[PDB]
Each structure stands twice: as structure tokens, then as C-alpha cells.
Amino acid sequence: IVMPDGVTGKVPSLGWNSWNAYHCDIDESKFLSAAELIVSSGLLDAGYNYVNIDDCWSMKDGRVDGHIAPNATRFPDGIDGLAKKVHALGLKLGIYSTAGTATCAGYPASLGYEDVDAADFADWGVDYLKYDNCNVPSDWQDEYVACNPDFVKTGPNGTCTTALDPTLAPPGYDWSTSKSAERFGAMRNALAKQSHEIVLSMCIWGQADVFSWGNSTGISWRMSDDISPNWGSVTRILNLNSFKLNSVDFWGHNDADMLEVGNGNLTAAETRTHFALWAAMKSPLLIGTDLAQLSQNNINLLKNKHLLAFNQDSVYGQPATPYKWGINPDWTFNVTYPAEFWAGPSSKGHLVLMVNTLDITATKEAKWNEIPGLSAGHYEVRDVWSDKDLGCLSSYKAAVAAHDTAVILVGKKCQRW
């Protein structure tokens, strides 16, 4: 959705969220340190300007006088006070609620209280609302389910049918009229009336066919169930998103979930693949790890100027898309072996990404005639990882480590005859 200030949320949000770092165990200091570190590590200069509180910030036992109250032990100066400290640092503050009767962690949530919660958030100086999908009451349940492989039984190729899912929405069903759309729309409407602009991030896990109506409601929408810091989830989410890229443009981006850079058992190669594809798919990019514990190597990864410029491109709204699946036939839904060959235009040139989904070194070749928007010829090519000029190339071939991604920026045409 377009926001009144004409820029906030047009390109993917960039920041840091407490969830993958701390889950439910958060307090002010964790945000103050995250913020100090975003500034001092140069991440803010790179573009990461949201410090986002996720679940577990409020007094858990209920609303206090009709309002969600900050847990004052965790936030001794309140959300408003944190907001002031964060705003002073040149950052933005995100908070979290749920379109249900309690948050996913069981805290007070916003369904039916949108106008009061939106006013509190606005009055606190909150800039971003991640809005979750837990605890939807029976009366607010959707009639149908949408074909979401993360939740519903699928046949081969991630397909849904009536026989597998009796409640699958009939063809032509308008998801904008669903209860999910209403629940989210109600918070959209509530925020819109406040003077302080808050962007809405729709944490709906790819449910309710949010791809078709999300752009009328918020600036981003989760398109899958929660990421986990392993390769299985990286490929799971990559595969799901690869089929949903047509919903991604300015003001409205599929959210491939929070970054796991720094976390779990992802190797350096997997981490690169994960960040590069998240950036290229123009998901919001929300760091999800303790920045004090993050290696300078992962910090440099996050600051990749080319991946960020591409993600943040203000002329080209579409993301990089798969042009060739690779091991499988094009358009093959496959959780372990998603589309390998990706490209999209940008102001800086064409970004090309080649994901080695195999667990052994493989040679991957970017061939210009295969890439939409390119043609046979010679282009200047730059390695995105090293920033190295690779020269004027008729194609680009690399030995790509297991689970790694070769990433190049294809520049202006060169050396003709």
C-alpha cells in the first residue's frame, strides 16, 4: 500500500528484529544495544534503520485500563521512551501485535481494539507494526483455506485439491472479502487515522492468499511459516516465494521472514545464499541476531552495497525472478531443490544469482541470452561478493560451493564488432 509520506515502505524495510535473536526474552537494553550497534557497526549507514520489537513486550496478563501496557520491568521508560532514544539515534522503532485475541506468545493483542492500539502506537512514536496471525477466534475464522503448502496438505508439485483439503477456496473466491483481510484491514484503517505514520507488516504466514490483497492493506506480508536457521528452511521459503513474485513491487513486498544470518547451523555458503536471495527477492531484510556476537564477516555480508542497492532500488520495483530452475524443469515446486537461476534489472545493472542447491561444488553458468532483458553479447560484469571487476564477458561461469550463490552485476554492454 502507498503511504502518505510518499516514500516510507515503498522499497523493502531494512532493520533488526528481536525475535530470531532473543525470542520471548527481551527487555529495553537488548534494543538499546541493537540500536547502538546498528549505528556503530555502520549498518544504519547501510540502510538498516528499523529497530523492531517483536512479541513479549507487553504486560502479559491483560490490557491495563483498555490498553496494551508495556512490561515496565522490561521497558522502564516505556515504548515511548525507547522510541525517543531510538529516534535520537536516527532510527525507527517497530512494535508487534496480533490480529487475534492474544499474541503468538500469549500476550494482549489487538483484534477488536485496533483504534485504541493504533492510537497508542502512534502516540508512542512507533513507526512500524508487525502484525501477527495467532489466536483468531472461531467467529473470525476464514470460511476457506488458501493453497499454502506450509499449512495445508498438498499433492505433487505443491498443489492443493478439494480431496486433500475440503475447505480449499473455490475458484474465483475473493480473498479481499475474507475475514483475514478484514482483520488486517481493520488495523490498516485504524493506523491511517493517526497523525504519526506507521507502516503495517502483515505477519500472516502466507495464509488467506495475502498475495492478492496485501498490497491494499500493508507494505509487506510474510509468505510462509516461520524461518528457522537451517538450510531446509532457506530452501523451503525460497521455493515457496519463487512462485509468488508477481505480488512483489513497490509498496508491497513478500516477506521471506527475518534473517538468520549469524544463527543456527547455516554455513558461510548457506548464509550468503540466504541473504543474497532474501535481498534479491525484495523481501524486507530484518536482521535477527545479536549484533554484539555477529562476526565482522557476517556484518560485511549484511552491508553488501550491491544487494542492498538492488533490494532498495527506487526505479525498478520488481524483484529478481527465476529464469531457469536448473536441476528441475522450470516451474517445479520442490522444497529441497528450488529455482537456481535468478535475475532482475536494477538501476545499477542486471543482478544475476545462481544458487548451487547441490551439496557439492557445481559449475553454474549465467548465459545472457537466457536472461530476460539481456541479449547475446558482452557485458561488463562485477562480482557482487568481492566487488571485483570480472571484465567484459560473453557469459559467466563459476564453480559454486555447495549451497553457495554466485552473484554478479551485469553492467553495460561492451567490446562489440
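A residue's number is simply how far along the shown sequence it sits, counting from 1.
Mean CA B-factor: is it higher for 286-294 or for 203-211? Mean B over CA atoms: larger for 286-294.
If you average the CA temperature factors over each stretch, which comes out higher, 408-416 or 4-12? Looking at the recorded C-alpha B-factors, 408-416 comes out higher on average.
Can you pull the Cα B-factors for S220, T167, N311, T101 from the entry and say which is highest? Going by the entry's C-alpha B-factors, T167 comes out highest.
What third of the chain, by the recorded C-alpha B-factor, contains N328? For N328, the deposited C-alpha B-factor lands in the middle third.
Sorting the chain's modelled residues by C-alpha B-factor, tell me whether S394 ends up in the lowest, middle or highest third. Its C-alpha B-factor, which the entry lists for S394, ranks in the highest third among residues of this chain.
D80 by Cα B-factor - lowest, middle or highest third of the modelled chain: It falls in the top third of the chain.
Could you place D139 in the lowest, middle or highest third of its chain by Cα temperature factor, using the values in the record? Highest third of the chain for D139's C-alpha B-factor.
Test of reading the entry: by CA B factor among the chain's modelled residues, which third contains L358? Its C-alpha B-factor belongs to the middle third of this chain's values.
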